[PDB]
Each structure stands twice: as structure tokens, then as C-alpha cells.
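Here is my input; please provide its structure:
(3 chains)
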Amino acid sequence: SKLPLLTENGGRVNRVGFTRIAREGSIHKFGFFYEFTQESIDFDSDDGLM
Amino acid sequence: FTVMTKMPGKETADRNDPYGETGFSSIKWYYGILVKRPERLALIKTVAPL
Amino acid sequence: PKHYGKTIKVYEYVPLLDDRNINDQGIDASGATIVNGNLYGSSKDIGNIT
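Numbering: from 1, shown residues only, chains lettered A, B, ... in the order given. Please find the structure below.
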């Protein structure tokens, strides 16, 4: 019932349209740290601690 | 398929629109089939699960 | 080796994300001192991790 049938005379029949969609996404910030003293490095038993 | 495109401008500027502010694009074709041996087309009709 | 007593010792370094990592260095995202300093440790729960 919806086929776009034309005739010999043409004319403005069977007009169509279009649409589009919008997607989105966002970024976020992260991080962490740790502290130490010089003595915790120099006098520690393990020289590969850091 | 025959595709006819007319962009807005002097291409579509006529006595019904001196400014040529609109365009269009159309597609048309002819199609038909000749069924020679209908008995060689087989069809089963059945219900389908949800 | 001789002249070192009867015992051998060795260190094991725990990963940061580990329930075995119990330390007092934890400061949370708000800047407040917290009991654990291993983030979510060994947890696999989405709610707890978030």
C-alpha cells in the first residue's frame, strides 16, 4: 500500500525526508600519590625500595 | 536508476521563484518480471516463535 | 652460608590494590584521613570500587 508508484505524467508524488541522531561522551580526571623522606630511602635495608 | 539533482541557485531560478532558493533530487526506475514456471516456486506458510 | 646463624629471611612486597596492604597513609578524594591506604584493595564489587 506504500510503494512509490509513478505514472507517465510525473508530478510531485512520493516525497520523503530524513533525520539524524546525536551521540555524546565525556572525560574525567584521576590520580593518586605517595610521600617519603630522605632517611626512609638512605637508611632503609633495601636499596631497591623506590 | 535515473537520478536527477538540481541544486539551489541559478539552476532552479524560474518565474515561480526568481531567487532560486530550493532544490530537489529524484530517483526513478522501471521494474517487472515474467513468471515462466510458477510450479517451480515453492512456499511453506507457518507461524513463528516470539 | 656459614657464620650467619640458622635462619634465612626474604622480603615480599605487597601490591597497592590488595586487602593484604594495611597502612596508615590513606587520604581519600575529599582530602580526609581514612583507615585504609589501598583504595579498593582486592574488591571486585562495582559499587564498592566506584
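
CA atoms for contacts and neighbours, from now on please.
Fine.

you'd agree residue C:47 is in a strand?
No: read with DSSP: H, G, I helix; E, B strand; the rest coil, residue C:47 is helix and lies in no strand.

how many neighbours does residue 22 have?
In the absence of a named chain, chain A is used. As a burial measure, residue A:22 scores 4 neighbours (other CA atoms under 10 Å in any protein chain shown).

That was the other one, I meant chain B.
Should you count by other CA under 10 Å, residue B:22 turns out to have 13 residues around it.

Quick check: chain neighbours aside, which residue is closest to it?
residue B:8 (4.9 Å; CA to CA, 6 or more residues apart in numbering or on different chains).

quick one: that neighbour and residue A:16, what's the gap?
Applying CA to CA, to the nearest Å, the value for residue B:8 to residue A:16 is 18 Å.

Compare those two (neighbour count), which wins?
Neighbours were counted for residue B:8 and for residue A:16 using other CA under 10 Å; residue B:8 has more, 14 against 5.

and the more buried one, what does it touch?
B:20, B:21, B:22, B:23 (CA atoms under 8 Å, 6 or more residues apart in numbering or on different chains).
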